[PDB]
$ cat final_20.txt   # compact mmCIF, C-alpha atoms
# COMPACT_ATOMS: atom_id res chain seq x y z
CA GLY G 197 -67.91 26.77 43.84
CA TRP G 198 -69.83 27.82 40.71
CA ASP G 199 -69.84 24.39 39.06
CA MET G 200 -70.02 25.57 35.46
CA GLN G 201 -70.94 22.50 33.42
CA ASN G 202 -70.27 23.75 29.89
CA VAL G 203 -70.71 26.53 27.34
CA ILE G 204 -72.92 25.99 24.28
CA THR G 205 -72.84 28.28 21.23
CA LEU G 206 -75.65 27.50 18.78
CA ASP G 207 -74.56 29.24 15.58
CA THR G 208 -77.54 28.24 13.41
CA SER G 209 -79.69 25.29 12.28
CA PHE G 210 -81.20 25.02 15.75
CA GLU G 211 -83.86 22.48 14.73
CA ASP G 212 -81.92 20.97 11.81
CA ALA G 213 -78.83 19.28 13.28
CA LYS G 214 -75.56 19.78 15.17
CA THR G 215 -77.48 21.59 17.93
CA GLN G 216 -79.65 18.88 19.51
CA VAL G 217 -76.59 16.91 20.61
CA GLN G 218 -75.18 19.94 22.43
CA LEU G 219 -78.51 20.87 24.03
CA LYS G 220 -79.21 17.29 25.18
CA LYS G 221 -76.12 17.05 27.42
CA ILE G 222 -77.35 19.59 30.01
CA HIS G 223 -78.68 18.06 33.23
CA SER G 224 -80.84 19.66 35.93
CA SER G 225 -79.22 23.06 36.50
CA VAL G 226 -79.64 26.78 35.77
CA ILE G 227 -79.44 28.00 32.16
CA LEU G 228 -78.02 31.41 31.28
CA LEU G 229 -79.51 32.14 27.85
CA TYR G 230 -78.18 35.04 25.76
CA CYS G 231 -79.83 35.75 22.39
CA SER G 232 -82.50 37.94 20.80
CA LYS G 233 -86.21 37.72 21.55
CA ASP G 234 -87.19 36.12 18.24
CA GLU G 235 -84.23 33.77 18.59
CA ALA G 236 -85.22 33.03 22.19
CA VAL G 237 -88.61 31.97 20.81
CA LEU G 238 -87.08 29.08 18.88
CA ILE G 239 -84.51 28.33 21.59
CA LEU G 240 -87.14 27.91 24.30
CA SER G 241 -89.48 26.02 21.96
CA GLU G 242 -86.75 23.48 21.23
CA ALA G 243 -85.78 23.34 24.92
CA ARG G 244 -89.38 22.49 25.81
CA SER G 245 -89.43 19.92 23.00
CA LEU E 246 -77.83 12.25 24.18
CA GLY E 247 -74.57 10.55 25.17
CA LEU E 248 -75.46 7.11 26.57
CA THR E 249 -73.20 5.30 24.07
CA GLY E 250 -69.46 5.08 24.59
CA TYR E 251 -66.54 2.97 25.75
CA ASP E 252 -67.77 2.83 29.36
CA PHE E 253 -71.40 2.04 28.41
CA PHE E 254 -72.37 -1.57 27.71
CA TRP E 255 -75.78 -2.21 26.14
CA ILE E 256 -77.28 -5.64 26.83
CA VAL E 257 -80.24 -6.83 24.74
CA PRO E 258 -82.18 -10.08 24.37
CA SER E 259 -82.65 -12.21 21.27
CA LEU E 260 -85.75 -10.29 20.18
CA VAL E 261 -83.79 -7.39 18.65
CA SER E 262 -80.84 -9.50 17.47
CA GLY E 263 -82.96 -11.71 15.22
CA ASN E 264 -81.93 -11.98 11.57
CA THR E 265 -78.25 -11.63 12.40
CA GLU E 266 -77.40 -11.21 8.70
CA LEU E 267 -79.12 -7.79 8.85
CA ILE E 268 -77.47 -5.15 11.03
CA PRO E 269 -78.95 -1.62 11.19
CA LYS E 270 -76.46 1.22 10.88
CA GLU E 271 -77.68 2.67 14.20
CA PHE E 272 -76.54 -0.36 16.23
CA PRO E 273 -73.46 0.60 18.26
CA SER E 274 -70.54 -1.78 18.54
CA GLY E 275 -70.24 -3.60 21.84
CA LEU E 276 -73.95 -4.47 21.82
CA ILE E 277 -73.93 -7.68 23.86
CA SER E 278 -76.82 -9.97 22.96
CA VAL E 279 -77.86 -13.57 23.62
CA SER E 280 -79.48 -15.80 21.02
CA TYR E 281 -80.10 -19.38 20.00
CA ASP E 282 -77.04 -20.80 18.27
CA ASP E 283 -77.21 -21.02 14.47
CA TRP E 284 -73.50 -21.43 13.62
CA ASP E 285 -72.18 -24.34 15.69
CA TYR E 286 -75.58 -26.04 16.06
CA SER E 287 -76.06 -27.27 12.50
CA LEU E 288 -79.43 -28.24 11.07
CA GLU E 289 -78.36 -31.89 10.88
CA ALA E 290 -77.71 -31.96 14.63
CA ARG E 291 -81.03 -30.20 15.19
CA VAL E 292 -82.97 -32.80 13.20
CA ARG E 293 -81.08 -35.68 14.81
CA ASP E 294 -81.88 -34.33 18.28
$ encode --input "final_20.txt" --output "structure tokens"
Amino acid sequence: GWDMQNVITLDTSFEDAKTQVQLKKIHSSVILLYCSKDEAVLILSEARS
Amino acid sequence: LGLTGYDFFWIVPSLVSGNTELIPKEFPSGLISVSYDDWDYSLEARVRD
């Protein structure tokens, strides 16, 4: 079935704006994260927040 | 997060709807509230009662 909910592309301003609204619409599921390590730092920090 | 929309109806008591002349910009339209009447129930009728 592969129920793909959505695709999110965070260009920049991860903690500023325009990104929290996209990240908040994901429910309990599996996240495929593709970025760099230093970028993954901020991405996972904001996801935990 | 996405809990406000056409198909979402927020119901609140009189405690947040006090001072009806002041409306915060973050209050969505369709916010159903209940409160003591101040328009039809004039002060003269109040004092007479």
$ interface_residues --input "final_20.txt" --of "chain G" --to "chain E" --cutoff "10 Å" --atoms "only C-alpha atoms" --output "list in words"
residues 216, 217, 218, 219, 220, 221 and 222 of chain G
$ axis_aligned_box --input "final_20.txt" --around "range 210-227 of chain G" --padding-each-side "4 Å" --output "JSON"
{"center_x": -79.5, "center_y": 22.5, "center_z": 24.2, "size_x": 16.7, "size_y": 19.1, "size_z": 32.7}
$ atom_distance --input "final_20.txt" --atom1 "CA of residue 274 in chain E" --atom2 "CA of residue 254 in chain E"
9.4 Å
$ residues_around --input "final_20.txt" --residues "residue 278 in chain E" --least-positions-apart "4" --cutoff "10 Å" --atoms "all atoms listed in the file" --output "ChimeraX atom specification"
/E:255-262
$ atom_distance --input "final_20.txt" --atom1 "CA of residue 245 in chain G" --atom2 "CA of residue 204 in chain G"
17.6 Å
$ atom_distance --input "final_20.txt" --atom1 "CA of residue 231 in chain G" --atom2 "CA of residue 211 in chain G"
15.8 Å
$ closest_residue --input "final_20.txt" --among "G:215, G:197, G:210, G:202" --to "residue 236 in chain G" --atoms "only C-alpha atoms"
G:210
$ residues_around --input "final_20.txt" --residues "residue 227 in chain G" --least-positions-apart "2" --cutoff "12 Å" --atoms "all atoms listed in the file" --output "ChimeraX atom specification"
/G:200-204,219,222-225,229-230,239-240,243
$ closest_residue --input "final_20.txt" --among "G:198, G:226, G:242, G:235" --to "residue 213 in chain G" --atoms "only C-alpha atoms"
G:242
$ residues_near_point --input "final_20.txt" --point "(-73.1, -16.6, 12.0)" --cutoff "8 Å" --atoms "only C-alpha atoms" --output "VMD selection string"
chain E and resid 265 to 266 283 to 284
$ decode --input "final_20.txt" --residues "range 258-271 of chain E" --atoms "N, CA and C atoms" --output "short mmCIF file (atom, residue, chain, number, x, y, z; two decimals), in the first residue's frame"
data_model
loop_
_atom_site.label_atom_id
_atom_site.label_comp_id
_atom_site.auth_asym_id
_atom_site.auth_seq_id
_atom_site.Cartn_x
_atom_site.Cartn_y
_atom_site.Cartn_z
N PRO E 258 -16.56 29.19 26.36
CA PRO E 258 -17.48 29.82 27.31
C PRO E 258 -17.28 31.33 27.35
N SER E 259 -18.01 31.97 28.27
CA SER E 259 -17.98 33.42 28.38
C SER E 259 -16.67 33.95 28.94
N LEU E 260 -15.83 33.08 29.50
CA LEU E 260 -14.63 33.55 30.18
C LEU E 260 -13.62 34.15 29.20
N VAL E 261 -13.51 33.59 28.00
CA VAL E 261 -12.60 34.14 27.00
C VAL E 261 -13.25 35.20 26.12
N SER E 262 -14.58 35.24 26.05
CA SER E 262 -15.28 36.18 25.20
C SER E 262 -15.63 37.47 25.93
N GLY E 263 -15.16 37.64 27.16
CA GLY E 263 -15.40 38.89 27.87
C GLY E 263 -14.73 40.06 27.18
N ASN E 264 -15.28 41.25 27.40
CA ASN E 264 -14.85 42.48 26.73
C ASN E 264 -14.97 42.31 25.21
N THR E 265 -16.22 42.14 24.77
CA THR E 265 -16.50 41.85 23.37
C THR E 265 -16.01 42.94 22.43
N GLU E 266 -15.83 44.16 22.92
CA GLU E 266 -15.30 45.23 22.08
C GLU E 266 -13.84 45.01 21.71
N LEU E 267 -13.13 44.11 22.39
CA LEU E 267 -11.74 43.80 22.10
C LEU E 267 -11.67 42.38 21.53
N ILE E 268 -11.15 42.26 20.32
CA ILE E 268 -11.03 40.96 19.65
C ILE E 268 -9.58 40.74 19.24
N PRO E 269 -8.89 39.77 19.82
CA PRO E 269 -7.51 39.50 19.41
C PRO E 269 -7.45 39.03 17.96
N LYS E 270 -6.34 39.36 17.29
CA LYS E 270 -6.17 39.00 15.89
C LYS E 270 -5.98 37.50 15.69
N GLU E 271 -5.72 36.74 16.75
CA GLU E 271 -5.54 35.30 16.65
C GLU E 271 -6.84 34.52 16.84
#
